[PDB]
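Student: Have a look at this one.
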RNA sequence: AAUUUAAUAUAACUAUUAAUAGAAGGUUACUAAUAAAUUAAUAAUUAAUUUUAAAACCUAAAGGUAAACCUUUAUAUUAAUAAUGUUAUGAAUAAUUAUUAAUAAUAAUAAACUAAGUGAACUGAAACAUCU
RNA sequence: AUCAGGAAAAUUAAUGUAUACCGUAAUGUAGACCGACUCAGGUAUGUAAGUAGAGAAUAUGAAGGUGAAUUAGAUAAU
RNA sequence: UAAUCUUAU
């Protein structure tokens, strides 16, 4: 097979922003939660952006009679709503799937496994939703593997002292501001 | 007129279109203007655009006050002290000895001591048509050095005869501007220093004055990025 | 104690007496105003105590 | 256009005579305008017609 | 009005050769209050001309434009004044920024100490000027003021 | 040009 | 007759020159319905009341602050006998906004104490450092 | 020294070919301004290059809106202090003004080409449905 | 009576309140809008002397506002 | 009937 309707897609190349450079005119309010999906978000069978369609877009072709009188028809995939169990998330995740995709999931032995397969083909035939799910699972796995220590209290201890010092000079100091200051330190 | 147009800038695009007429339809534009103007007003010379206008005293080869011989005309081989240049036309108005035209004039513009409506008036003439004098006429003048003039109060160039640069044609010393006006501040007060850069702590002009001085909501002045902002931007 | 219009009138009188503003001065301080005004000739409908 | 009422009166200075002031003298520009109107709107045998 | 005249004649107006607008450099060494006064004088002059100009254009339908030229010239001076006011503020801000960089400030202090202070062949006057210049100490309280006091004490100890 | 010339002539007459 | 000099039927209108024209031209305050309110950027001053009134907010009202001691000797023009001054900032890339230059000026002030420059002292001067 | 032919402009398009690089309108006015840096060449010029100022409102997206309007208020807020200032048995309450800190916003930006999704009818077939 | 008759936006008390902007002409049963025209067409509302009367019908019409971008004669046939 | 699956809170 091929992933033509996926890998044809192109997204505007964001310029790498240096810390000292000037701002863009429209900077967003809330930050980027998820990683950027290489292949954007489908602009044709937008039905499939909400689910795990397995790179199965709608076809259009011809109904043909005994007289060979051609008439345009479309061929939809066998989509199905299906709440499937994630071991990593410890909850079942309900989404639209192609019956094919459900079969693949069953073969691979789980939904998390399906999401996390490292092949490029899989990545292509994950949606934007599928990509987000993958990210959620992978991040959770990483957390499970590696808890922070294998600092917050120190910051909390120092904060009031820092505030007092600021006041003695003359200025007031908030927590949030303190946190912002001492993130990289 | 009964206009009110002068207190605004209304119909701006239309005005621009009219003002910036294409140059290949310039004869069309000026034909009707010529017709409109009376004989005593209208001039033969082309009204050049402000781009191609002699603003510098190098661009003008001659200044009001210097003595010039006329040629390529009716009153040719005639010495004349040039009285004042016209800015729009790029030309000079000479004294009585220069080129003139006799034209009828209304009693609104009559000089004291006139019998007839007919009056001789000086026509404008280009710098190309007339050559300097010093008696010896000068073929062409070139500029090589520069200096501060005492009378003119400008860093003017040295008018040198073309070829031999040491033969300097000096500038004509202008008339003394005896200034007695209530709207012109005198030399002593105009230049007296009342400010000095002293304080780093106190800013010189107050905080409430800043909004007049510059636009605080300027769309042009872009903000600089931070680390947090970068992190927010990038996935 | 007294009505609003009367209070305003009293304030105005006080300001006149002072040689201060006969009106509440605002806070939006314009140091370098660029606005010009054209004093017009008086119409028949106006008095000598008016200016437009 | 904003009219104001003020506590002291005022009357403008009297406008100058045609001979006195150079600028305040509407004869010339009006005449010029008339001449322009004549010349642009002159068509055929009104070219021979003497000027006003 | 100007000398209670309905309209300034050609002779009553200031001639073009005698009059010049202000130079930006000339404006640059004038005090704030002086500049403000100049601006308001300019504005007043414009108003006088604007009244007159309007009368000329609306009623008589002239194209003499001396008043308009004068108004333009005044407007030029005004924007130049505005520019120098902005420029001075910017220069101050730049100086502040420079001082905020600590090493540079220290170097500047050292330079000051070497040449004019602590030397012979006035000092008190220099100190009083320096005090005002660099710190918030005239003859109220802040970290900067404290720092200046400490510096002064250090200088006294040295001398 | 003419207007300017006329003005100059007037000025000369005056002085 | 509408106008007595025009006895006969020329194609002249009852008023104006042409009835027709570009309809697509921005609205003014005079045009539109009773409900149509254009406004003239004059009054973002106070606040509209619940009942339809208005309440001025004086901290958001324009005053025009004039200097208390007006220097009347400063005039809109300078005497043309004075030359136009010219500053020079050689050895300063920033120019008049150069912080180094400002520091130098401050140092000079500290040393000397409000000494007038070449141009300020001598009116015949045309070029200057500061 | 004059005129004349041809060539050359800030002052045409179109077509080919070679080289090259891949970009504000409008409205009306409290009009919307610019300052400088050395280098070389030639005290002032001039080139190039670096920087810098101001730039109203509108053009879908602070939020409206019947484009150039209106509403909102960073000449704000939160403080802290400074001082004249008040209820108040210094003293805790506020009132400005003034500083300083800290907290935000600022989409007009092409068209052609390219890629992809969808995908005709007339017409051709001397008709016409397959086909085009 | 049946035909069953909109929506949606506190209280005292204390303390304020130096009064924003915008429409304002004339035209509107029309020559000043819509009808290609100064077009017998179209164009919303309250008033709308008195005397009459059932009445805003009909007569008149105090006041008001008009008498018009064709006149002057002529008045055959039609 | 923890396949689908409607509704409500």
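Student: At a 10 Å Cβ-Cβ cut-off, how would you order A:85, A:3, fewest neighbours first?
Tutor: Details: A:85 12, A:3 15.
Going from least to most buried by this count: A:85, A:3.
Student: For an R0 of 41 angstrom, estimate the FRET efficiency from the Cβ-Cβ distance between residue B:15 and residue A:4 and round to the nearest 0.05. Before the final figure, lay out the partial values.
Tutor: Numbers: r = 56 Å, r/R0 = 1.37.
About 0.15, to the nearest 0.05.
Student: Stokes-Einstein diffusion coefficient for chain A at 37 °C in a medium of 0.692 mPa s, Rh from the Kirkwood formula over Cα pairs: what value in µm²/s?
Tutor: On the way: Rh = 21.1 Å.
Calculated translational D: 156 µm²/s.
Student: Let me ask something additional. Using label points projected 7 Å from each Cα along Cα→Cβ, tell me how many nm separate residue B:126 and residue G:89, to one decimal.
Tutor: 4.3
Student: Going by how many other Cβ atoms sit within 10 Å of their own, how do D:52, G:63, C:12 line up, fewest first? It would help to have the intermediate numbers written out before the result.
Tutor: Values: D:52 8, G:63 17, C:12 13.
Neighbour counts put them in this order, fewest first: D:52, C:12, G:63.
Student: Turning to a different aspect of this structure: Got a sec? How would G:3, E:44, A:9 order by Cβ neighbour count within 10 Å, fewest to most? Before the final figure, lay out each step's value.
Tutor: Values: G:3 8, E:44 13, A:9 16.
Lowest to highest Cβ neighbour count: G:3, E:44, A:9.
Student: Now, a different point. Which value in deg cm²/dmol, rounded to the nearest 500, describes the helix-derived mean residue ellipticity at 222 nm for chain D, given -39,500 (n - 2.57) per DSSP H run of n ≥ 4 and division by the residue count? Walk me through the numbers on the way to the answer.
Tutor: Working: 1 runs with 15 residues, N = 52.
Dividing the helical sum by the residues of chain D leaves -9500 deg cm²/dmol.
Student: Could you list, bin by bin from short to long, the percent of Cα-Cα pairs of the stretch E:71-159 in 5 Å steps?
Tutor: It works out to 2, 11, 16, 20, 15, 10, 7, 6, 5, 4, 2, 1, 0, in whole percents.
Student: Given a Förster radius of 41 Å and the C-beta distance between residue G:61 and residue B:42 as r, what FRET efficiency does 1/(1 + (r/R0)^6) yield to the nearest 0.05?
Tutor: On the way: r = 55 Å, r/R0 = 1.35.
E(calc), rounded to 0.05, equals 0.15.
Student: Here is a further query. Run the simple label-point estimate for residue G:42 and residue F:10 please: 7 Å along Cα→C-beta, distance reported in nm.
Tutor: Simple spin-label model gives 3.9 nm for this pair.
Student: Once every DSSP H run of n ≥ 4 in chain E is given -39500 (n - 2.57) and the sum is divided by its residues, what mean residue ellipticity at 222 nm do you get, rounded to the nearest 500 deg cm²/dmol? Working shown, then result.
Tutor: Details: 6 runs with 106 residues, N = 159.
Taken over chain E, the calculation gives -22500 deg cm²/dmol.
Student: Once the Cα atoms of chain C are picked out, what are the Rg and Dmax in Å?
Tutor: Both quantities, over Cα of chain C: 16.1, 44 Å.
Student: Quote to one decimal, in nm, the extra length available between residue A:89 and residue A:44 on full extension: 0.36 nm per residue of separation minus the C-alpha distance between them. Provide the component values of the computation, followed by the final result.
Tutor: Details: separation 45, 0.36 × 45 = 16.20 nm, distance 3.06 nm.
Fully extending the segment from residue A:89 to residue A:44 adds 13.1 nm.
Student: Could you please state, rounded to a whole Å, how far the C-alpha centre of the stretch G:73-130 is from the C-alpha centre of the stretch D:1-23?
Tutor: 44
Student: Divide, for chain G, the radius of gyration over alpha carbons by 2.2 N^0.38 Å, where N is the residue count. Working shown, then result.
Tutor: Working: Rg = 31.3 Å, N = 130, 2.2 N^0.38 = 14.0 Å.
Normalised by 2.2 N^0.38 Å, the Cα Rg of chain G equals 2.24.
Student: Related question: How much mean residue ellipticity at 222 nm does chain A get from its helices, if each DSSP H run of length 4 or more adds -39500 (n - 2.57) and you divide by all residues, to the nearest 500 deg cm²/dmol? All intermediate terms of the calculation are to be shown ahead of the outcome.
Tutor: Values: 7 runs with 69 residues, N = 185.
Estimated from H runs of four or more residues: -11000 deg cm²/dmol.
Student: So what is log10(I(q)/I(0)) for the stretch B:42-142 at q = 0.19 1/Å, when the Debye sum runs over its Cα atoms only?
Tutor: With no solvent term, the Cα-only Debye profile gives -0.97.
Student: A further question follows. Write down Rg/Rh for chain E, rounded to two decimals, with Rg from the C-alpha atoms and Rh from the Kirkwood relation over Cα pairs. Before the final figure, lay out each step's value.
Tutor: Numbers: Rg = 25.3 Å, Rh = 20.4 Å.
When Rh is taken as the Kirkwood radius, the ratio is 1.24.
Student: For the stretch A:2-60 and the stretch B:24-101, what is the separation of their C-alpha centers, rounded to whole Å?
Tutor: 69
Student: Let me ask another. Between Rg and the Kirkwood Rh of the protein assembly as shown, both from Cα atoms, what is the Rg to Rh ratio? Write down the numbers at each step before the final one.
Tutor: On the way: Rg = 39.7 Å, Rh = 36.9 Å.
Looking at the protein assembly as shown, the ratio lands at 1.08.
Student: Identify the residues of the stretch E:142-159 with backbone N under 20 Å of a label point that sits 7 angstrom from the Cα of residue E:121 along the Cα-to-Cβ direction, or state none.
Tutor: Hits in the stretch E:142-159 for residue E:121 at 20 Å: E:159.
Student: Determine the distance separating the Cα centre of the stretch E:98-138 from the Cα centre of the stretch E:18-85; give it in Å without decimals.
Tutor: 42
Student: Quick one: among G:57, G:112, G:22, which has the greatest mean-square fluctuation in a GNM of chain G with alpha-carbon springs under 10 angstrom?
Tutor: Maximum among the listed residues: G:22.
Student: Still on this model: Return the distance in nm (one decimal) between the two label points of a simple spin-label model at residue D:36 and residue A:60, each offset 7 Å from Cα along Cα→Cβ.
Tutor: Distance between the two pseudo-spin positions: 6.4 nm.
Student: What number in nm² do you get for the stretch A:101-184 if you take the convex hull of its Cα atoms and divide its surface by four?
Tutor: Numbers: hull surface 35.3 nm².
That works out to 8.8 nm², a quarter of the Cα hull's surface.
Student: At a Förster distance of 60 Å, what's the computed FRET efficiency of residue E:154 paired with residue B:154, Cβ-Cβ distance as r, to 0.05?
Tutor: Values: r = 53 Å, r/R0 = 0.88.
Computed FRET efficiency for residue E:154 and residue B:154 comes out at 0.70.
Student: Rounded, prolate or oblate for chain B? Axes are the square roots of the Cα gyration tensor eigenvalues, ordered a ≥ b ≥ c, and the cut-off for rounded is a/c under 1.5. Don't skip to the end; give the middle numbers.
Tutor: Numbers: a/c = 2.04, a/b = 1.57, b/c = 1.30.
Because a/c hits 1.5 or more and a/b exceeds b/c, chain B counts as prolate.
Cβ sites come from the backbone with ideal geometry, for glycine too, and all protein chains shown count toward neighbours. No lab work stands behind these numbers, since they all come straight from the coordinates.
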